[PDB]
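As a plain string of letters, each chain reads:
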Amino acid sequence: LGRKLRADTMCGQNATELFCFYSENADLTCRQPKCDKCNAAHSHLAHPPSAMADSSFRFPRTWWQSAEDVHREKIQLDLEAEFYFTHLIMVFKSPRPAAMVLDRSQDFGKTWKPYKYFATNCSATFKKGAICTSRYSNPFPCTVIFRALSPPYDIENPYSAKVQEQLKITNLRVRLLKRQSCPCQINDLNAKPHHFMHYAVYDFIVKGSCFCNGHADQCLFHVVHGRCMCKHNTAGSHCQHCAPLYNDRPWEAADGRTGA
Amino acid sequence: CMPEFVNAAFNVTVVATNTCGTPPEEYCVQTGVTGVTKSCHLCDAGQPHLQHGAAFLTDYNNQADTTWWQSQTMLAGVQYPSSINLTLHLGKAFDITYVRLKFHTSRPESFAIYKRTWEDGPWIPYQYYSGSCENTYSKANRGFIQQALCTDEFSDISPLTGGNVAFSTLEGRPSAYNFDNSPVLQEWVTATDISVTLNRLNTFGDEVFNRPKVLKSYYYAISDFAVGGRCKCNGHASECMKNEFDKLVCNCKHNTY
């Protein structure tokens, strides 16, 4: 959000092929394709990946999809510092496939793991409360909801390093395997349409509080930085240590319940 | 003779305990709908047109743009076991078959719905709608089995703009398809006074940060009560012809009203 999200090439670059949106009406019925042209000439005809992650102050919304009918499409989200996340969100205008995986990176893109992934057949990605759960993903309609914090994690949640690793991130990626475009009245005219490849994705904004260890009131379009002037005489970007004036007293992270 | 279903939010006012505008407030919301240059503007009620009043919520519900209302934000410290409970005093026991609460800002993570069995009486909630109800509500997630169970299909802020909620009274429940032959469900669906219980929004610990904007953002906004219903009087009237005293009561046979 509010920053660059590097990825593969945009649409139509290696093939000057027509693309169209098979959007759907409120009656769960597809509408006639709103055929346009994808290129790299003008902003209207040139829509790099940055369109999703940029100041969206205009009524028209920024569209995006894969590079060129490629299944293994990934999104790179570089960071200039440490970040924090609240929960998991998923908006996907195209039909949401069961082969959805949510992954978290620890530091400088040097770690990888299947953080969370849920679907009716979670085997598609390759306790049943975090590894994967059923009845959460469906092929249709075209146009997954989960929360990172565990049920016992909602209460008694100080801000020490013991929980930072859970919600401290360095880069973002996501993988989708299954390919499908939700059904339409493709027999709109006598001649069938063509070059309908698309993965309608609305936008991605995973709000992340300015990481200040729950101490700072203000941390250095305008975007959120990673430098905090934490109060309680605390120093450091992460504010994990206090000033030596009275540090001798044992302490842990100032939990929001009382700010010890 | 056939009963005719009409929007139950027509020519009616929601009795809202708290509503924006009375004090001076400055709030900011996602740029999905407002589209302001900086996505920041000040809520008010003095302006005749910008009133977020009760009537705006229950109106014709213009599809192109329906008048929206915002509840008081976290600035008022509205996060308790009980919170703003805006109620509906329609005037008849409408059989609300389909309920849709189009949210102007976003779907709140934690919230519920409370319905009135009889006028001035207690509240009988239909169902709970939260993705972590095991904490806030202390109940099992993914409600299934008649009770006011939780719901997690659409709980978190997925849409982030113009959120949609399908409060299908007659669907999504074990008794969905036995509506016409379920005595409890017949009593369930009928609600003398509708009231969405926005009991609490489960904070994500951002309060310690105490950013002025974020607190003004984690609030509630019901764009419109897209709720439909009718007099359940065996449709002695295709439309409750109001009586002399300027209210809504039903037509009837056997020398009754």
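Calculation notes
- Entry numbering is not used for residues: they are numbered from 1 along each chain in the order the sequence is written, which may differ from it, and residues without coordinates are omitted.
- The lettering of chains begins at A and the numbering of ligands begins at 1, in the order of writing.
- Each side-chain value is worked out from all heavy atoms of the structure, with water and hydrogens disregarded.
- Side-chain rings of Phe, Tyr and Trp (the six-membered ring for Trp) are treated as a pair once their centres are within 6.5 Å; stacked means planes under 30 degrees apart, edge-to-face means over 60, and tilted covers the remaining angles.
- Three exposure classes are used, based on accessible area relative to the maximum for each residue type with a 1.4 Å probe and protein chains only: buried under 20%, partly exposed in between, and exposed over 50%.
- Two conditions define a charge sitting above a ring: the NZ of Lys or the CZ of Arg must be within 6 Å of the ring centre, and it must be within 35 degrees of the ring normal.
- The disulfide criterion used throughout: a pair of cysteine sulfur atoms within 2.5 Å.
- Each helix is a run of H or I in the DSSP string that is no shorter than four residues. Each strand is a run of E no shorter than two, and both are numbered from the N terminus.
- Counting rule applied: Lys, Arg positive; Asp, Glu negative; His and chain ends not counted.
- In the sections that follow, a salt bridge refers to a side-chain nitrogen of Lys or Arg positioned within 4 Å of a carboxyl oxygen of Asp or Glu.
- When checking whether two residues touch, look at their non-hydrogen atoms; a contact exists if any pair is within 4.5 Å.
- UniProt positions are given in the numbering used here, feature names are shortened, and annotations may be inferred rather than shown by experiment.
- The term buried area refers to how much accessible surface (probe radius 1.4 Å) is lost by two components on association, counted for both of them together.
- Any pair of nitrogen or oxygen atoms within 3.5 Å is treated as a polar contact; in protein, a donor-acceptor pairing is required on top of that, and neighbouring residues in sequence qualify only through side-chain atoms on both sides.
- Just so you know the grouping, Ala, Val, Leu, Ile, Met, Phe, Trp, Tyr, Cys and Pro go in nonpolar, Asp, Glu, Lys and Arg go in charged, and all remaining residues, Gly too, go in polar.

- Structure determination for the deposited model, as stated in its record, used cryo-EM, and the stated resolution is 3.9 Å.

- Named according to the PDB entry, chain B is Laminin subunit gamma-1 originating from Homo sapiens.
- Looking at the header, the entry is titled "Cryo-EM reveals molecular mechanisms underlying the inhibitory effect of netrin-4 on laminin matrix formation".

- The name the PDB entry assigns to chain A is Netrin-4, from the organism Mus musculus.

### Re the packing of aromatic side chains
Next up, step 1: Scanning the model with the defined rule gives 21 aromatic pairs over all chains in all.
Next up, step 2: Geometrically, the ring pair formed by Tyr-128 of chain B and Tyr-137 of chain B is tilted, given 4.7 Å between the ring centres and 45 degrees between the ring planes.
Next up, step 3: Taking relative accessible area as the criterion, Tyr-128 of chain B reaches 15% and is therefore assigned buried.
Next up, step 4: Residue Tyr-137 of chain B is classed as buried on the basis of its relative accessible area of 10%.
Next up, step 5: Taken together, the ring pairs connect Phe-103, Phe-111, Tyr-129, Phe-154 and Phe-167 of chain B into an aromatic cluster.
Next up, step 6: Here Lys-93 of chain A stacks its cationic end above the ring of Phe-21 of chain A, 5.7 Å away from the centre of that ring.

### Remarks on the state of the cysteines
Simply put, disulfide is the name for a covalent bond between the sulfur atoms of two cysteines.
Residue and element names in this part refer to chain B.
Next up, step 1: Applying the stated rule across the entire model yields 13 disulfides over all chains.
Next up, step 2: With its bonded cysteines labelled in order along the sequence, chain B shows the pairing 1-4, 2-3, 5-6, 7-9, 8-10.
Next up, step 3: No disulfide involves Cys-1; its sulfur sits 14 Å from the nearest other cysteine sulfur, which is in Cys-252.
Next up, step 4: Taking relative accessible area as the criterion, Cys-1 reaches 97% and is therefore assigned exposed.

### Considerations on the side chain of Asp-224 of chain B
Residue and element names in this part refer to chain B.
Next up, step 1: Inspection of the secondary structure assignment puts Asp-224 in strand β12 (residues 221-229).
Next up, step 2: Salt bridges are absent for the buried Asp-224, whose nearest opposite-charge side chain, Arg-100, sits at 6.1 Å.
Next up, step 3: Sequence-distant contacts of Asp-224, defined by excluding residues within four places in its chain, comprise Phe-56, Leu-57, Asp-59, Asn-61, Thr-66, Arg-100, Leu-101 and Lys-102.

### Here we look at the UniProt feature "disulfide bond" in chain B
Residues and elements named next belong to chain B.
Next up, step 1: Judged by the 2.5 Å criterion, the disulfide between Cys-231 and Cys-240 that UniProt reports is present, the sulfurs being 2.0 Å apart.
Next up, step 2: We classify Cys-231 as buried; its relative accessible area is 11%.
Next up, step 3: A residue is classified by how much of its surface remains accessible, and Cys-240, at 6% relative accessible area, is buried.
Next up, step 4: With a threshold of 2.5 Å on the sulfur distance, the UniProt-listed cystine of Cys-233 and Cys-250 is realised in this model at 2.0 Å. Here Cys-250 lies in the segment after β12 and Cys-233 lies in the segment after β12, a separation of 17 residues in the sequence.
Next up, step 5: Its relative accessible area of 11% is what places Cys-250 among the buried residues.

### Notes on the pattern of salt bridges
If the charged atoms of two oppositely charged side chains come close together, the side chains can form a pair.
Next up, step 1: Considering all chains together, one arrives at 8 salt bridges over all chains under this definition.
Next up, step 2: Measuring nitrogen to oxygen at the nearest pair gives 3.0 Å for the salt bridge that ties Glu-153 of chain B to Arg-135 of chain A. Remark: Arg-135 of chain A occurs in the loop between β2 (100-104) and α1 (161-164) and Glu-153 of chain B occurs in the loop between α2 (133-136) and β10 (166-168); the pair is interchain, linking two chains.
Next up, step 3: Residue classification places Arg-135 of chain A among the partly exposed residues on the basis of a relative accessible area of 39%.
Next up, step 4: Among the salt bridges present, the one from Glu-25 of chain B reaches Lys-216 of chain B, with a minimum N-O distance of 3.2 Å.
Next up, step 5: By relative accessible area, which is 9% here, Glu-25 of chain B ends up buried.
Next up, step 6: Through salt bridges that share partners, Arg-135 of chain A together with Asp-152 and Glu-153 of chain B make up one connected network.

### Brief notes about the UniProt feature "disulfide bond" in chain A
Residue and element names in this part refer to chain A.
Next up, step 1: With its sulfur atoms 2.0 Å apart, the UniProt disulfide linking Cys-210 and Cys-219 appears as an intact bond in this structure.
Next up, step 2: The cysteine pair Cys-230 and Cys-239, annotated by UniProt as disulfide-bonded, shows a sulfur separation of 2.0 Å, below the 2.5 Å cut-off, so the bond is present here.
Next up, step 3: The buried category is assigned to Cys-230, whose relative accessible area is 8%.
Next up, step 4: By relative accessible area, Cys-239 is classed as buried at 1%.

### Some remarks on the interface of chain A and chain B
Next up, step 1: With 31 residues of chain A at the interface, the matching set in chain B holds 34 residues.
Next up, step 2: Between chain A and chain B, roughly 2,700 Å² of surface is buried when both sides are summed, and carbon and sulfur atoms account for 49% of that area.
Next up, step 3: Of all residues in chain A, the largest losses of buried area upon contact with chain B belong to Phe-57, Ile-145 and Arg-147 of chain A, amounting jointly to 25% of the total for that side.
Next up, step 4: Viewed at the interface, chain B and chain A are joined by 2 salt bridges.
Next up, step 5: Here chain A is connected to chain B by 11 residue pairs in polar contact.
Next up, step 6: Looking at the side of chain A that touches chain B residue by residue, the class counts come to 17 nonpolar, 9 polar and 5 charged.

### Considering unusual backbone geometry
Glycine aside, a negative phi is what most residues show, and trans is what most peptide bonds show.
Residues and elements named next belong to chain A.
Next up, step 1: Cis geometry is adopted by the peptide bond preceding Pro-141, which originates at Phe-140 and carries an omega value of 0 degrees.
Next up, step 2: Looking at the element boundaries, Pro-141 is found in the loop between β2 and α1.
Next up, step 3: Unusually for a residue other than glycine, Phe-108 sits at a positive phi of about 50 degrees.
Next up, step 4: By the secondary structure assignment, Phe-108 is in the loop between β2 and α1.
Next up, step 5: The phi torsion at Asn-213 lies on the positive side, around 65 degrees, for a residue other than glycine.
Next up, step 6: Relative to the helices and strands, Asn-213 resides in the loop between β4 (172-176) and β5 (234-235).

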